[PDB]
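K.L.:
Please find the sequence and an experimentally derived structure below.
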Amino acid sequence: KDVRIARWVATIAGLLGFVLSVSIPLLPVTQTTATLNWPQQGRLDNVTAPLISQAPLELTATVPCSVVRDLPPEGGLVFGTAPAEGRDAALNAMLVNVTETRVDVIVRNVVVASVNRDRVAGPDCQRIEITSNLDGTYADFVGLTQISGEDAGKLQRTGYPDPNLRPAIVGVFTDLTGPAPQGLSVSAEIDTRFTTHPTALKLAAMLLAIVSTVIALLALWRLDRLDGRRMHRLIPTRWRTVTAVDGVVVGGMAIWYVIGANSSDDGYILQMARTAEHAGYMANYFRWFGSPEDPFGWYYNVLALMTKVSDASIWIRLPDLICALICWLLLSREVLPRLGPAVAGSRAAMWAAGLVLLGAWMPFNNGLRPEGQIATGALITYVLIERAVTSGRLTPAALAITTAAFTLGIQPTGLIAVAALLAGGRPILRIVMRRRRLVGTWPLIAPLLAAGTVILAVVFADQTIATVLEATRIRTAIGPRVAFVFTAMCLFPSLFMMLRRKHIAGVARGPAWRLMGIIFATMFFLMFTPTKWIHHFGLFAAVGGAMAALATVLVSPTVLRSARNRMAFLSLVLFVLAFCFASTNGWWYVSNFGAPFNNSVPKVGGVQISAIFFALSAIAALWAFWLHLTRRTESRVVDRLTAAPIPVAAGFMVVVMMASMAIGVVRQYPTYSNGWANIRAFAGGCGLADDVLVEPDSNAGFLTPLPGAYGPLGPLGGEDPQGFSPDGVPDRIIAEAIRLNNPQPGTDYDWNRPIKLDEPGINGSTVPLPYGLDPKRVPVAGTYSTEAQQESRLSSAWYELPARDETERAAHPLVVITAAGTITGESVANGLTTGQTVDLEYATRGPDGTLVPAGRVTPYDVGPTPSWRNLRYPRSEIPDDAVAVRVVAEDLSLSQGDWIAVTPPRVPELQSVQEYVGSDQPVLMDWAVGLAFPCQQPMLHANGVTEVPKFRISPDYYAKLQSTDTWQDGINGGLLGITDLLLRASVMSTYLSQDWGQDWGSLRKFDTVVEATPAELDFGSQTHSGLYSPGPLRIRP
Ligand SMILES: CCCCCCCCCCCCCCCC(=O)OC[C@H](COP(=O)(O)OC[C@@H](O)CO)OC(=O)CCCCCCCCCCCCCCC
Ligand SMILES: CCCCCCCCCCCCCCCC(=O)OC[C@H](COP(=O)(O)OC[C@@H](O)CO)OC(=O)CCCCCCCCCCCCCCC
Ligand SMILES: [Ca+2]
Ligand SMILES: [Ca+2]
């Protein structure tokens, strides 16, 4: 017979799936082992090898005694794991130095083996053995002994047991030259516990597990088919017909996909995905020491396989569109009819569902973070559980358990899906205790275990359990957007109306209560979550639309035979809308450019709009009170107003968002907008790089001074300069920064530079200059003083503008003046910045062959005050009769903090970012700017080692200072330790093509402290047990 066959098959297949799937984590795996030796080509030349883990698994080194005899009297590095002139190299690295009397080994601010030099060069000493491993950091000087102290007579071994004392390796640097001596050699064993590939056994077990689970579910299907019920071959009318709500939702989703905003964590996911295939494992790439997101990481591998085609924004986030359409179909054609005949008979409920799904999908679930996919999985789970309860079969329950497992394996906030299994638990238990009689217990229970457990074969493919435990150890040791509450405003009324009246005429109790309990359970899980509650709201997009479709029926006049309650509900909706129109931080970093309200709350007329909604709420509530006092019923006006409040509210918010985005596009057309760039991607577009402009050499367009008799200030002051002095700038003023006395991460080389220069400029200046300006070609004038103050003027010489041509005039849209002080100028974030006057006065050549002025131009001064920053003067605001131009500066403030400093102007020689950086140079793109710079190549990493970057792109000042500098600091596991220790940064002069007051971000050039070349690593392989760990990593002292 076939029933007994299917029983046996189900049992054996499910048990095998459970066993093998539990065993996948503990099974062996092949790891590639890299190691690094510094003398490579038999010559003493420096070498770079930036480890992303900021420490090796072990280090050994051997140094003869003769090398000390070869250096000069003032020797230096015999070797070091970072350059001696680097930033905090003596705090983060190993250094073997010779200070003219002592041969010192300095591990991180710790002096191990400090020994005289006249002994090491003697005839007794032979070698120096240095070893840093988990057992400690020790150094032995063979042939010698301790002469002084309590340790006298015993060997010259010295050091400390501390596994957190292992150095940070970004190379092997020295000061020696020539051939290599016999014995000098280091050996670093790099940590590569994450980059692996499976054995044949593990792979075969995973494949057999998936096959057996499929076999078991097929056999359980053949067992569920024992009842005479069948699926009819015809499709129903609802899946065949099409409506207008379908068109509205689909069109809105498409238009928002192209034109609309994007989430905040996009570059995070994109850079992880792009670097995963070269690495060999999904790394976070910004934090936590190259540790993976592998326990919740398979969607990222889907994105990584997608990146092999293109990295555009219109392709990599197609899953959002797919999942949106799937949610809409499953919600309109499987969720609403099963709630009852009332729902799916009305149109208002369908409009409510569609519009709420739109409004919740818009700010959050358009991007790359998987919140919308989680919502889709939860909806699929609910649908399959309801189909199981209705049809009485157990296969959709198993498929729903599988879907819940995967939805949890996307992101830890997928536990919402599991809530469905907690709601539809007792029905499935009833089914199991009902079918236990006909067929036994194990044929049913085994496939469910196999379904729940098959996720371990996908989640632990390229990883083991020890790696995951280590990654969690690091993540726990180190630390860790319009408001929408349609969810709550729809959960409260449906809840109270299901509690008030027991049974509703034409509505199902079970499905509604299950949906409501799902939502309450996940809100419970989320209030315990340390992250802010409002950020995780895209999970309630589809289920929230379902609850809205339910709520629009439980408040209509067909059930609520009282007007006062409906007016109260209207007051509630309007109060909610006011609370959502007030609390809005804005949009995030590229959608907030052309939006109407960028630095305020909405304000039309003469007072904010939230006040108008609170006022409408007040009228509604007082009207309800009057209805209560007149004790009337069934007034036609209320039946006209309270026909459908929720769809009207949702449509209002939808139209608001779409209008904001379309206004941002039309107001900001030729330069960057999300929609314009995405439309441009089909034609070879590259995003913000196409619009952003940069000066390769920031001294290229300095204008020629006309002839004149001038003073010691030079041509810049001019014929009566008062209160301006060439060295009139404070000690430490730098480019786009403030130079706090205590340091910060991710800072340029200008911070730690000296105060004064060794050689003065043309005029008697000593001030450093920001953007690579050579003080032998660029004068300065400033008014800061310390003995007594005075009112200061400056009116420079007429600087001859270049020429009168059209192509040149098109390529040269600016005249720029570098200045530091409190200067007035327009902007976007904060317009009309009050302060002192630095203006650009232009001329028109008279008929006598002589000059005479016409007017002035006011700048666009974006950037931190009182930093060295570029002041922008467009050439569109200048008449084409212009031939000459001068600076006019006034200081009418006797306070010691209101000071001015200026340089001469320049018509820069610009070009785009894509024309200079290209798509082959490595770049350190922060986690905010990856979706606008897709064509740029990030700094990959493979086998523990990274690539030395040549550039760094970053967001605006406050975001760089508050978000990225702190996230990927070296103390927390980021990449800026490597760059701060190995490289020296310098900020560049960048502009945006037609928004001269917008702060798109910053571009920084990296230069090398010392000349060096990449390393030739040595490879091998080892097979592990699955539970193997070579001790813990270094994360903390
Ligand atoms: C990767 C994501 C794939 C999602 C699949 C969703 C398909 C939805 C649209 C299909 C068109 C159907 C037209 C049939 C028209 C039709 O006859 O309706 C098919 C059936 C309802 O059938 P009838 O209406 O004939 O049912 C009898 C009733 O009329 C009487 O009550 O609806 C379903 O069961 C749909 C749900 C399938 C869901 C299966 C999902 C299982 C795979 C899980 C994927 C996991 C994703 C992981 C997380 C991201
Ligand atoms: C009831 C059964 C339902 C179907 C269950 C899924 C079927 C199995 C398909 C994936 C097995 C993994 C691939 C083999 C594993 C293998 O042999 O290669 C393991 C491979 C090791 O490669 P290396 O470490 O050399 O490099 C990989 C790197 O290049 C990328 O990280 O790592 C991967 O590529 C990670 C796999 C990502 C997996 C992406 C797929 C995620 C599942 C998508 C389907 C989920 C929805 C299911 C609907 C219910
Ligand atoms: Ca791997
Ligand atoms: Ca002053």
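P.N.:
Sure thing, it's come through. Residues are numbered from 1 along each chain as shown. Ligands and ions are numbered 1, 2, ... in the order given.

K.L.:
Residues of the stretch 601-750 of the chain that sit close to ligand 1?
P.N.:
For the stretch 601-750 of the chain, no residue is in contact with ligand 1 (CB under 6 Å from any ligand atom). From N, CA and C alone the C-beta is placed, and that goes for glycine too.

K.L.:
Okay, helices next: where are they in the stretch 601-750 of the chain?
P.N.:
Assigned by DSSP state H, counting those that start in this stretch, the helices in the stretch 601-750 of the chain fall at 609-630, 636-641, 645-667, 674-680, 688-691.

K.L.:
okay, these in TSV with mean neighbour count and distance to ligand 2 next?
P.N.:
Below are those laid out as TSV (neighbours: other CB atoms under 10 Å; distance: least, CB to the nearest ligand atom, whole Å):
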stretch	mean neighbour count	distance to ligand 2
helix 609-630	16	44
helix 636-641	12	47
helix 645-667	18	31
helix 674-680	20	27
helix 688-691	23	27
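
K.L.:
Ok, which of those helices comes nearest residue 536?
P.N.:
The closest of the helices of the stretch 601-750 of the chain to residue 536 is helix 645-667. By CB to CB, the value is 19.0 Å.

K.L.:
How about residues contacting the closest one?
P.N.:
Helix 645-667 is contacted from outside by 252, 255-256, 259-261, 348, 351-352, 355-356, 358-359, 362-363, 482, 484, 486, 489-490, 548, 551-552, 555, 569-570, 573, 576-577, 580, 591, 593-596, 673-676, using CB atoms under 8 Å, 6 or more residues apart in numbering.

K.L.:
Taking helix 609-630 as reference, get the angle to it.
P.N.:
In terms of direction (axes from the mean of the first three to the mean of the last three CA atoms, to 10 degrees), helix 645-667 departs from helix 609-630 by 160 degrees.

K.L.:
I'd like the numbering to begin with 890 instead of 1 from here.
P.N.:
Let's use 890 as the start, then, which means that last one is helix 1534-1556.

K.L.:
chain center to helix 1534-1556: distance?
P.N.:
27 Å (CA atoms, centre = their mean, to the nearest Å).

K.L.:
Over to stretch 1661-1679?
P.N.:
So, by CA atoms, centre = their mean, the centroid of stretch 1661-1679 is 40 Å from its chain's centroid.

K.L.:
just stretch 1673-1683 next, same as before
P.N.:
On CA atoms, centre = their mean, the centre of stretch 1673-1683 falls 46 Å from the chain's centre.

K.L.:
thinking again about what came up before, of the contacts of helix 1534-1556, which belong to helices?
P.N.:
Among the contacts of helix 1534-1556, the members falling in helices (DSSP state H) are 1141, 1144-1145, 1148, 1237, 1240-1241, 1244-1245, 1247-1248, 1375, 1378-1379, 1437, 1440, 1458-1459, 1462, 1465-1466, 1469, 1563-1565.

K.L.:
Closest to the centroid, which residue in the protein?
P.N.:
In the chain, the residue lying closest to the centroid (CA atoms, centre = their mean) is residue 1816, at 3.0 Å.

K.L.:
got a list of what that one touches?
P.N.:
Contacts of residue 1816 (CB under 8 Å, 6+ apart): 1154, 1156, 1157, 1160, 1175, 1853, 1856, 1857.

K.L.:
so where does the second one fall, helix or strand?
P.N.:
Mapping residue 1156 onto the secondary structure by DSSP states H and E places it in helix 1155-1168.

K.L.:
Let me see the residues that make contact with the helix or strand just after that helix.
P.N.:
Tracing the chain past helix 1155-1168, the next element assigned as helix or strand by DSSP H and E is helix 1187-1195. If you take CB under 8 Å, 6+ apart as the criterion, helix 1187-1195 is touched by 1158-1159, 1161-1163, 1165-1166, 1171, 1182, 1204-1205, 1207-1208, 1257, 1259, 1262, 1295, 1298-1299, 1347-1348.
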